[PDB]
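This document opens with one chain alone, in structure tokens, the form deposited without the ligand.
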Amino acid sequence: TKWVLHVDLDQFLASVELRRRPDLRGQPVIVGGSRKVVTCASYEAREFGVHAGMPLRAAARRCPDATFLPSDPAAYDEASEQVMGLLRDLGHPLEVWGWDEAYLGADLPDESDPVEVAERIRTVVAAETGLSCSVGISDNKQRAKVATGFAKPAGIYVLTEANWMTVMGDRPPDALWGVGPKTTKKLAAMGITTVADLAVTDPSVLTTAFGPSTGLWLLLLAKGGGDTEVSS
């Protein structure tokens, strides 16, 4: 059996800063750089509606008691390379995206539980770097990344054909990875508001609205499919 695991570091920039400044643990921390915007908001800060991308002044308005730290890219680079090297050295095909994400493939004995590979990944990363990460598990990239959302924070989650529709069916199309807000507004205008509805929509409805290939890709995503090749 061929599996795909997606690894995502928890509140990466903030976590790296907390190494350098332990006193701040458990408190609203906001990292800001490049007019300056939020580059990473700690989970505590997010409870106040603060999110990556927003201007710092607007962030201060929402979380007056937060501690603002200057962005330090070179430390984030270093911290990421360490983690990525650690992932690569496990021997599986690996594909790195940005600083905090990676997809890795694992061809496993039909009986082996993939969750064990995920528990070792979490342990290695935590033991060697102090950082927590979450791991999504499936048989393609997109579904694995969606699985990661349910694993947050500091967790592991498995999404396959068995539980896919039960977990996703009633959610809006934008819960799918690869389907954004603009596409889901266009879909709402055509009377399509859940993943289950999109999954059984007639191909022609989608292809005339989004073109021949995009129409079909939306069906594949909604059925839980996606890219299967990781390739290092």
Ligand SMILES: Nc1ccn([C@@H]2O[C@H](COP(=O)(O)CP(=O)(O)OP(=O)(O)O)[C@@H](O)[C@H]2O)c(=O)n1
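Residue indices: 1-based, along the sequence shown.
Here the subject shifts to the form deposited with the ligand bound, a form of this protein not shown in this document.
In the entry with it bound, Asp8 approaches the ligand with a heavy atom inside 4.5 Å.
The closest non-hydrogen atom of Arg46 lies within 4.5 Å of the ligand in the entry with it bound.
For the chain shown alone, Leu187 is not a contact residue for the ligand in the entry with it bound, no non-hydrogen atom being within 4.5 angstroms. Interface residue remark: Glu101 is counted as part of the site for the ligand in the entry with it bound, having a heavy atom within 4.5 Å. Proximity to the ligand in the entry with it bound holds for all of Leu13, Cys40 and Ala52, with the criterion being a heavy atom within 4.5 Å.
Looking at 109-117, 135-143, 157-165, 93-101, the stretch with residues near the ligand in the entry with it bound, meaning non-hydrogen atoms within 4.5 angstroms, turns out to be 93-101.
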